[PDB]
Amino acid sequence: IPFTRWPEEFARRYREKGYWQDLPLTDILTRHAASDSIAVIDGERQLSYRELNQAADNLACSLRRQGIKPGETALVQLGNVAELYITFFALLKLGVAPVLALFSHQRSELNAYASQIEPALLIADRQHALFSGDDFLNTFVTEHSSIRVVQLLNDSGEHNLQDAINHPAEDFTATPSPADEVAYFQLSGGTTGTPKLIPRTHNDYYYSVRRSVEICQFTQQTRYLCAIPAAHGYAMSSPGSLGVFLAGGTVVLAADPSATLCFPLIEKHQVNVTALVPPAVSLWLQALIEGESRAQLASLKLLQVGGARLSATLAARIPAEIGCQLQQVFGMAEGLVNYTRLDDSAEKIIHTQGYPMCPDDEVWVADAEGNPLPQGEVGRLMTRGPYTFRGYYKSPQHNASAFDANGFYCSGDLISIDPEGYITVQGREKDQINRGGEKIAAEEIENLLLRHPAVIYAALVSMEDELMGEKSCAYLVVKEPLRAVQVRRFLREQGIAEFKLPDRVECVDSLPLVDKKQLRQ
């Protein structure tokens, strides 16, 4: 499986300083293989580390019996369910490198993922609209001839994922990929018409998990509500579900981050940490004002907020109205994660997005041409480190643009740095809408909009929204009348995630040639 390696001098330093431990990610679970403490709660169901490790082995063995081999890839689309974790560890024990699609994702995204990785395995859920029938599977498996095996959650036919998990492994021995080779693929937020995959080696991903666990002081006391899409890296590795497993804590799954669902779950399971995006924090605070009992969240000791900038106003209300510590998390799938520390001043937690998890995370701020700007100036985030990638999968064209001559990655983010060395997010250069923490590649939606017979020119831009931070607006130049329900119907046909449907559609007589900067004015 090809990826961009670190230069040998960087790999040697990263090993010398103890970042790269040369252990597979499977070691996160197998260290607990003998333990009957609860690792995962999913409604009424409670899985021990012993059961979770046995399930992963069962499924690994079953897949090996069906002909899946090390160094092959897989497409996986499971939501906030126990089988997400079982599946991730099974494929890690086989040395199969998956993409974890979010439940929200549809035809266009699954097709794009399958086209780039040529998966030998597809794992999905009959609860997903695409997979309750066999029609789309038939098309999908024809168009993506790499796929040899289909396992399906909530199926009772020949393809039941449960029969695989419940079938006891006779004599199963793990073959994880080498620790310096690809373990799995993370999804980028997206800056382009086609999705870019991020190869993560075991050395690089395990370090990001292990160090996030040190900073967040996770232990076997950690009862972590995983309520955002579990397959995103913020929910998975910062420190996320893997960080909980590492520490021998308990992960409490929830279908979504609504107060209706999460308030009962926090009180019931005595949850002491969770991860939200700003609008969820807004909705929780409003729930408490609309009369929800504050005491339901008593056990809550740490609330992580990331994916988009938390307003100082909203930040300050967390300790007052909820009565736990805040942690700002400014991370990306490409690697770098900034954290506020548990012992930081109120000043730094409320007003900044913290600083890098690694001492050898390298972060400078660049002007338009590529020169370092002195501290306090606003510029482009340039980073590289021991858990930050060196290239997207099979993307020589884009990789040429995404990295400078020294292998520094440009996040497309505008930042400033304090005299104290803390990062504040000031703006964005990348053609990306951050809708409540969920990322929309504007070019992707524009290309779909131009496919409409009526649409001559399309621009997708953010507009300020109090709850969501940004909502999506399609500016369209059209041959004929075109109402917003027509654009949305059309985009659904093409098959994209709900969060990528324009919140607003405006037909306009003209657009400048599309120069987005001029359109904002």
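In this text, residue numbers run from 1 along the sequence as written.
Asks: Does the chain run continuously from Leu513 to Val514, or are deposited residues unmodelled in between? Answer none, 1 to 3, 4 to 9, or 10 or more.
Replies: Missing residues, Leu513 to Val514: 4 to 9.
Asks: Per the entry, where is the mean C-alpha temperature factor higher: 474 to 482 or 488 to 496?
Replies: Averaging CA B-factors over each stretch, the winner is 474 to 482.
Asks: Should the higher mean CA B-factor in the entry be assigned to 216 to 224 or to 446 to 454?
Replies: Stretch with the greater average CA B-factor: 446 to 454.
Asks: Have a look at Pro278, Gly189, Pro396, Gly243 and flag the one whose Cα has the highest B-factor in the entry.
Replies: That would be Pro396.
Asks: According to the deposited entry, which of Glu429, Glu109, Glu292, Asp125 has the largest Cα B-factor?
Replies: Reading the PDB entry, the winner on C-alpha B-factor is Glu429.
Asks: Can you tell me whether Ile38 has a C-alpha B-factor in the lowest, middle or highest third compared with the other modelled residues of the same chain?
Replies: Ranked within chain, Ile38 CA B lands in the lowest tercile.
Asks: Taking only the Cα B-factors deposited for this chain, tell me whether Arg380 sits in the lowest, middle or highest third.
Replies: Middle third by C-alpha B-factor.
Asks: Is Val505 in the lowest, middle or highest third of its chain when residues are ranked by C-alpha B-factor?
Replies: Its C-alpha B-factor, which the entry lists for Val505, ranks in the highest third among residues of this chain.
Asks: Would you mind checking where the Cα B-factor of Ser115 ranks among the modelled residues of its chain, as the lowest, middle or highest third?
Replies: Its C-alpha B-factor belongs to the middle third of this chain's values.
Asks: If you rank the chain by CA B-factor, which third does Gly370 end up in: lowest, middle or highest?
Replies: Tercile = highest for this residue's CA B-factor.
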